[PDB]
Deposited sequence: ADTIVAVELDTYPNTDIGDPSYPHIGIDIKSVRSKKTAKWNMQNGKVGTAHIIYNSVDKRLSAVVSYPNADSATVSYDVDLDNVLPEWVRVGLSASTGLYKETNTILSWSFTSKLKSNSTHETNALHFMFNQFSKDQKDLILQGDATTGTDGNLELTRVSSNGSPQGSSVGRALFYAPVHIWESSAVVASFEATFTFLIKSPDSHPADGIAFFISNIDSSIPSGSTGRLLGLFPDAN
């Protein structure tokens, strides 16, 4: 299948599949059962911020998710992405809903990759009606107040259940080389998760994948648009 490494902003605890009993951030390595998690105090309708970092030296994938005027959440997992991912990858944001639902609004996404030096950088602070350096998969859309809406939102602004959508940057990234001195990537995105319901689901993920990655069929809900099963 697809090979996936993601940082999940999981809003809906699924204990059936190893999620803690609380909204959490996790590092996922080729499984939705996160290799490490941390408690995350998600804030309904507040604009939040995610930072994902990694290098070839420390080989440590870390993330930090923040809101204005509140303690942030942070998770870290030592993994050699030489041993998980192919040298060439695409990077993306994925989001899903199931029985329960939420807006998965992205307001900004930036990415920097360095490899010795070769460099790639992009920054989206607005998203146009037809954003041709993005590959939109499933329910993802652009042009709605200059935002990226990963999951379906009706004309009345109401979020839909059983939705899944991703956004991949068009150009493949060189993420690791055998004969390389230093490699690093940084990712930042701002998100707005809103539910009128007292159960928000299912969350957002930054993800690196094989270039040809697709939404695995039925990967709505707990699977967050990343995984075909919950192993």
Original post:
If you line up the deposited sequence with the model, which stretches have no C-alpha coordinates?
Top reply: 117-122
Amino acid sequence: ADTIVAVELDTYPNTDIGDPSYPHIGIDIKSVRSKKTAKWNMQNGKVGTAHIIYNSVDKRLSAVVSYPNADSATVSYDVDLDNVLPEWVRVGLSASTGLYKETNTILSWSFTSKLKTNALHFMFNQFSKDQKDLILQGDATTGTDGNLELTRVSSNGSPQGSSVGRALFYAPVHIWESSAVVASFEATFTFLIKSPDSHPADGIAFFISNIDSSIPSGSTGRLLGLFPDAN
From here on, numbers count along this sequence of modelled residues.
Original post:
Averaging C-alpha B-factors over each stretch, which comes out higher, 176-184 or 201-209?
Top reply: 176-184
Subject >> Residue range whose averaged C-alpha B-factor is higher in the record, 10-18 or 219-227 >> reply: 10-18
Original post:
According to the deposited entry, which of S113, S94, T142, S110 has the largest Cα B-factor?
Top reply: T142
Subject >> Deposited CA B-factor, highest of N156, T105, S76, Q137 >> reply: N156
Subject >> Record-listed C-alpha B factor of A119: chain third >> reply: lowest
Original post:
Which third, lowest, middle or highest, does the CA B-factor of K101 fall in along this chain?
Top reply: middle
Original post:
In terms of the CA temperature factor given in the entry, to which third of its chain does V65 belong: lowest, middle or highest?
Top reply: middle
Subject >> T49 - which third its CA temperature factor falls in, relative to the rest of the chain >> reply: lowest
**OP:** Comparing against every modelled residue in the chain, figure out the third that the C-alpha B-factor of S195 lands in (lowest, middle or highest).
**Re:** highest
